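# Sequence first, structure after; it's an experimental one.
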Amino acid sequence: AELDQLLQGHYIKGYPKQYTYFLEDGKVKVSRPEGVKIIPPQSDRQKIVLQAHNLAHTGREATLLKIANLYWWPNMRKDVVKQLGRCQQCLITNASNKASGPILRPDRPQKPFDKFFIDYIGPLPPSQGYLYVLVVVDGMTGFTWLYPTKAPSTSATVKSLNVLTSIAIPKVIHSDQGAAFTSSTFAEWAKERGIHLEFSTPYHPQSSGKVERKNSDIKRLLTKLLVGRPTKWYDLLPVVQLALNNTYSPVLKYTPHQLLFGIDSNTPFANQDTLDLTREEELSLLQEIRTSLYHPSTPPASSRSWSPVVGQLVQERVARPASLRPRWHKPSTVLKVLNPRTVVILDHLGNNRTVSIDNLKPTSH
Amino acid sequence: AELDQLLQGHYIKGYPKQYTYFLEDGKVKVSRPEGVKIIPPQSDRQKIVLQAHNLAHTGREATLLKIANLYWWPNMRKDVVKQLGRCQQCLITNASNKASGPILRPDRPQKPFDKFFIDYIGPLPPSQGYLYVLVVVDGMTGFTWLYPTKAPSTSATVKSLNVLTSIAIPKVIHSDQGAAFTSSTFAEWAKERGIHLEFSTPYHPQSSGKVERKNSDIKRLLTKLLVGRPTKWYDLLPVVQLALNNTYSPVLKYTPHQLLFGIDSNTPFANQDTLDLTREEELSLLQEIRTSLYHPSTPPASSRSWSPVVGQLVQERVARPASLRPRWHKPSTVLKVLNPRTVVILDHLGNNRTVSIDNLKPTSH
Amino acid sequence: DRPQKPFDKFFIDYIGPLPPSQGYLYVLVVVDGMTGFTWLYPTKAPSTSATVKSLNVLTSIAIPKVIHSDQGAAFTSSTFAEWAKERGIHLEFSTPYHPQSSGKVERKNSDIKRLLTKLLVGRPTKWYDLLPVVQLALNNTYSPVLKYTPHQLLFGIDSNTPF
Amino acid sequence: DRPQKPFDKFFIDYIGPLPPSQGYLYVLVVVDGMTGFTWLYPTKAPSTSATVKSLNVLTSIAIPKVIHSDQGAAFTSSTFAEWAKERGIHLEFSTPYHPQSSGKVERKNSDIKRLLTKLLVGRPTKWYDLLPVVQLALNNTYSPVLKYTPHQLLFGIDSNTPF
DNA sequence: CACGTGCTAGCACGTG
DNA sequence: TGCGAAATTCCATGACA
DNA sequence: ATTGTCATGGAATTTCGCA
DNA sequence: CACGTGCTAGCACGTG
DNA sequence: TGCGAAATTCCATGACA
DNA sequence: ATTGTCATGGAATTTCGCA
Ligand SMILES: [Mg+2]
Ligand SMILES: [Mg+2]
Ligand SMILES: [Mg+2]
Ligand SMILES: [Mg+2]
Ligand SMILES: [Zn+2]
Ligand SMILES: [Zn+2]
């Protein structure tokens, strides 16, 4: 009873005066629309709000309502949110109700061999002793090379890519942080040929979207071609590769082969418009196609999204949570905002993690 | 060369006259904006469209474009879609681009014990030798009973529910087609007490939404309470049950306990508004609450959804497809339309399946 | 003062020993003072130990303000006193030898005793399994004084198994 | 008639035997007639058998209209005739003993032969591993007659490894 | 050898 | 031109994960 | 230190054949 | 014992 | 009434699965 | 023969204390 001046008819900021505050049982009470409620001294409030919340680690409203049953004081929700921001278990176990910011649509690599995207499809049902496919997709064209491997290992990746680079050498190769790609042996191999390695953020396959999306197309065709037949895919990759490389993208009106070369080879339903032009007049037209390719814009932001700001408190989706374990790490801080969707955080362990915002939620309160 | 009258300047319906149709190589050709194209006799067309499509089992446009390179004829896409509707592999492997119709929001069970929803949470990390939780949620109130079991078996379900029915007996018990629930032994048990068994459609946990959603709430609290402690959940179910049953639903402004009884028991932050009323005046107010509970309406349909119509061709999502195997069954027919979201189909094996439309796609063409 | 309500007082006592029904010798009678609602828990002894096992289940559903009982061992122990206080349940005791409740509870406790004894000699040493029915029966019985059933009074709605 | 283009004609021949480079005795030279672009496949024999292994890889990338070759065993066999026809590749043969190509191909086939022989005695019995470089080198070489590189002509863009 | 990162398996129940 | 049919383009949905 | 994608097929819409 | 239905595990790589 | 602050309600997002 | 759900916390909005 520190602010008890109310009992003697004094005014205290925040406390409505049209109500009457009396004393019974040894408690300061209030006559209210809801009923008669109890007003605890400021000191006892933190404790009460805690007790109520801890009953079921309830969010804002559910916590307030519990307290409403016995008590009233000014701005209870302000005292309530204070606690919710302080409950370690709620902060690290609750879901977020804020969507990621709208997706970036990176510029299509300018020329063939500006960027490779690589990934492994597998494991698959054994064929000729093989279990995986290394899928190399060129970013500009979409052209795709498929290599069967017995394992998703640096060993095999190097083995495959040496064959591929006989043709040409890429500026950049993008990949997910799959062991075989984040090896030192591979960084070596890349360095020796002067290729920059660029890696997707972890647990975020959208980044390698190009390959992943090409994977679908590879699986879809494989499947169709293996209907009602044992799944022996090895002998088919060669066919799927040629097929898919020579298949028109409706929005672009072009085939990866075309975008790579400007003319069809001796594949069936071969195009032959540029048949009367010289190779020189043909190769120029290509440059013109490659520049005026359709490109999507970023879709409109969700009504209830968020974008990361430096110094913001932000938590990382736990990689692979055990059963009955919390799905979010202890709160961290935004250091760099590499773009509206990528972030460098102070990792909980505690390093610099470059993470996608998809694996982030803004910390509440 | 059946419709070759064009070569002699005759008109044939569908063939533009402003163009000139000549003969070279032994083929009927046409001078076109695109270039010079070849017009095959009607008989050769089915074959060509097939050959092109089969290259990569391409959809409409991608197939057309391939053919465009060499040929032109009237309404090629009409001949193209004809084939796509006839390619078994494409029909059963391709994804759909049509969303389900908007969800139904079933009426909340009128009274307590009109409906039970049941499900098993688990397996969990062993506690006192227990591995599963049987979760019984009453549809009207949300009141929930939790039973620890060593297995998700009829045996254990019966064992648990006998204890539960000591209190009261439900009209209906809803569940998923989990073995323990679709047993004969359980149908027996249910029959003996005059409870109707109602089952969710297969591979569709939304149907048991009430339980499933309560599961989340159960796991979330369990987790919070087990932070930084070994996962021994057994001794906690009792606490989680009381906690959760006594926790306000913000939209309803009521706790499952309240909705069940009308007054709080001796739990902390006990409500006491209806303290001055008689039990009779208290129990009437309850009836009034139970009728005027907030209820959501069905959300607006997606721009590109569909609703099932009797006699429609429709395919069922393959339960658990092996790797590189098609994700859809051979096309079937709608028999009954139980509601805008539930369907009885002629099962591919071939029975009457009551399936959710979520596990259905409308057959293309 | 303020009208009788559910969970205001739970009346408990033990009944037994009985014929060893699948290993269970006793029964813990719990009766809500105002609805007359009855819970029946078969136990192996009139011990604090098993009074707790059973009343844990019950208090995981709803929790009385007060427990009223006789001065039987199981009820006057420390453990049970400590168990009651952990949950803020006040313990009230009838003076020894002169037992007391309200009108309603006394009658219900009679019914249970007889309804138990009848479906004990008619259906002999197999009473365990039948307890759930006795319970439904009891709770679906019509109250002479009040125009309603214990089920009706507690849940506020017609039972789906009337008796 | 209609201007020379890529994939219009692929010129093939074998080169060997050479020192056993990690088990590989021969090399299949494939050269695009118009870009001069060159593919190099190490083989263990100038057999139809391995001409197929290698040209399968290549024809999984792009497919020539015509293959031009000498009347070597590997090229005049049935199997190879049947392999060519399966894919609609026309086989064209130089008259025996009097070899022929175009100007461009003849020169490129010379370069390969010498560029191969030099980085054969300078870097001795370990040529296998170096084939990928020879290939890049060859394809990044400047054409005297045409103002462009084989890479440039084929892909239509500056190579990221100029030579 | 546990750890981080990429992937797809697997086991339990009741029933024929 | 203007009108009806045909062609072409729009696009949200889903699967890679 | 990095970032989603594109085949697909009904529906919307623009182009075309012919006056 | 394979099958349908409900659930969550698991193994492979390179690196410390 | 009218205005500023406080309270209460709106709701889309995600997790059960 | 059956059918999604609701806790959640910033943002939108309605109610309240006081003139
Ligand atoms: Mg992948
Ligand atoms: Mg479940
Ligand atoms: Mg006694
Ligand atoms: Mg030779
Ligand atoms: Zn909390
Ligand atoms: Zn097809």
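That came through fine. Residues are numbered from 1 along each chain as shown, chains lettered A, B, ... in the order given. Ligands and ions are numbered 1, 2, ... in the order given.

# So which residues of the stretch 101-250 of chain A form helices?
A:154-165, A:184-192, A:209-225, A:237-245 (DSSP state H, counting those that start in this stretch).

# cool, and chain C?
C:48-61, C:73-76, C:78-86, C:103-121, C:131-140, C:150-155 (DSSP state H).

# What residues sit buried inside stretch A:312-332?
A:312, A:314-318, A:324, A:326-329, A:331-332 (16 or more other CB atoms under 10 Å in any protein chain shown). From N, CA and C alone the C-beta is placed, and that goes for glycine too.

# One more: stretch C:38-55?
C:38-43, C:45-48, C:50-51, C:54-55.

# Can you name the residue of chain C nearest DNA strand I?
residue C:60 (21.1 Å; CB to the nearest atom of the strand).

# Over in chain C, which residue gets nearest DNA strand F? Let me know.
Per CB to the nearest atom of the strand, residue C:160 is where chain C lies closest to DNA strand F, at 39.7 Å.

# I meant the stretch 51-200 of chain A, not that one.
Counting by CB to the nearest atom of the strand, the stretch 51-200 of chain A gets nearest DNA strand F through residue A:121, at 4.9 Å.

# Leaving aside the residues adjacent along the chain, what's closest to the residue of chain C found nearest DNA strand G?
Going by CB to the nearest atom of the strand, DNA strand G is nearest to residue C:60 of chain C, at 44.8 Å. Nearest non-adjacent residue to residue C:60, counting by CB to CB, 6 or more residues apart in numbering or on different chains: residue B:238, 4.3 Å away.

# my guess is the one you found contacts residue C:63, does it?
No: using CB atoms under 8 Å, residue B:238 is not in contact with residue C:63, being 11.7 Å away.

# Name the residue in those two with the higher neighbour count.
Higher neighbour count among residue B:238 and residue C:63: residue C:63, with 21 against 16, using other CB atoms under 10 Å in any protein chain shown.

# Touching, that one and residue C:8? I think so.
No: here residue C:63 lies out of contact with residue C:8, judged by CB under 8 Å, at a distance of 11.3 Å.

# Next one: residue A:146 from residue D:54, what distance?
Distance, residue A:146 to residue D:54, by CB to CB, to the nearest Å: 17 Å.

# check contacts around the nearest residue to residue A:365 once chain neighbours are set aside.
Nearest residue to residue A:365, sequence neighbours excluded (CB to CB, 6+ apart): residue A:85, at 3.1 Å. Taking CB atoms under 8 Å, 6 or more residues apart in numbering or on different chains, we find residue A:85 in contact with A:91, A:363, A:364, A:365.

# among those, who's most crowded?
That'd be residue A:91 among these, by other CB under 10 Å, with 21 neighbours.

# Output the contacting helices and strands for the helix or strand that contains that one.
Element membership for residue A:91 (DSSP states H and E) is helix A:88-93. If you count contacts as 3 or more CB pairs under 8 Å, 6 or more residues apart in numbering or on different chains; DSSP states H and E, helix A:88-93 packs onto helix B:209-225.

# what about the helix it packs on and DNA strand J, any contact?
Yes: using CB under 7 Å from any atom of the strand, helix B:209-225 reaches DNA strand J at B:209, B:210, B:212, B:213, B:217.

# helices and strands around that helix, which ones?
Checked by 3+ CB pairs under 8 Å, 6+ apart, helix B:209-225 has helix A:88-93, strand B:115-121, strand B:132-138, strand B:144-149, helix B:237-245 packed alongside it.

# Nearest to DNA strand H, out of those?
Closest among the helices and strands packed on helix B:209-225, once you apply CB to the nearest atom of the strand, is strand B:115-121, at 4.9 Å.

# could the helices and strands packed on helix B:209-225 be laid out in a markdown table, adding distance to residue A:73?
Output for those, formatted as a markdown table (distance: least, CB to CB, whole Å):
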| stretch | distance to residue A:73 |
| --- | --- |
| helix A:88-93 | 22 |
| strand B:115-121 | 39 |
| strand B:132-138 | 35 |
| strand B:144-149 | 32 |
| helix B:237-245 | 24 |
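
# Residue A:21 pairs with what?
Bridge pairing for residue A:21 (DSSP bridges) gives the partners residue A:30.

# one step back: which one of the residues of helix B:209-225 next to DNA strand J sits in the busiest neighbourhood?
residue B:210 (23 neighbours).

# tell me the contacts of that residue?
Each residue near residue B:210 by CB under 8 Å, 6+ apart is listed here: B:117, B:137, B:139, B:142, B:174.

# Determine which two of those are furthest apart.
Across the contacts of residue B:210, no pair lies farther apart than B:142 and B:174, at 14.1 Å, counting by CB to CB.

# that older thread, so the residue of the stretch 51-200 of chain A closest to DNA strand F sits right up against residue A:218, yeah?
Yes: contact criterion CB under 8 Å: residue A:121 and residue A:218 qualify, at 6.5 Å.

# Overlap in contacts, these two.
With CB under 8 Å, 6+ apart, residue A:121 and residue A:218 have common neighbours A:133, A:135.

# centroid residue for chain C?
residue C:30 (1.5 Å; CA atoms, centre = their mean).

# nearest spatial neighbour of that one, skipping sequence neighbours?
That would be residue C:39: by CB to CB, 6+ apart, it lies 4.3 Å from residue C:30.

# Does that neighbour touch residue C:135 like I think?
Yes: taking CB under 8 Å as the definition, residue C:39 is a contact partner of residue C:135 at 7.1 Å.

# any shared contact partners between the two?
With CB under 8 Å, 6+ apart as the test, residue C:39 and residue C:135 both reach B:166, B:167.

# out of the helices and strands packed on helix B:209-225, which comes closest to ligand 6?
strand B:115-121 (40.2 Å; CB to the ion).

# For that closest one, output the C-alpha coordinates as CSV.
Only the C-alpha atoms of strand B:115-121 are listed here, as CSV (Å, rounded to 0.1, in the frame of the first residue of the first chain):
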residue,chain,number,x,y,z
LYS,B,115,-18.8,-35.1,-30.4
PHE,B,116,-15.4,-36.4,-29.3
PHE,B,117,-12.3,-36.0,-31.5
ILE,B,118,-9.5,-38.5,-30.7
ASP,B,119,-5.9,-39.0,-31.9
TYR,B,120,-2.5,-40.2,-30.7
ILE,B,121,0.5,-38.0,-30.1
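
# Determine the set of other helices and strands touching it.
strand B:132-138, strand B:172-175, helix B:209-225.

# Can you give me the buried ones in the longest one?
By neighbour count with 16+ other CB under 10 Å, helix B:209-225 contains the buried residues B:209-212, B:214-215, B:217-225.

# is that helix up against ligand 5 anywhere?
No: interface with ligand 5: helix B:209-225 contributes nothing (CB under 5 Å from the ion), its closest point being 6.0 Å away.
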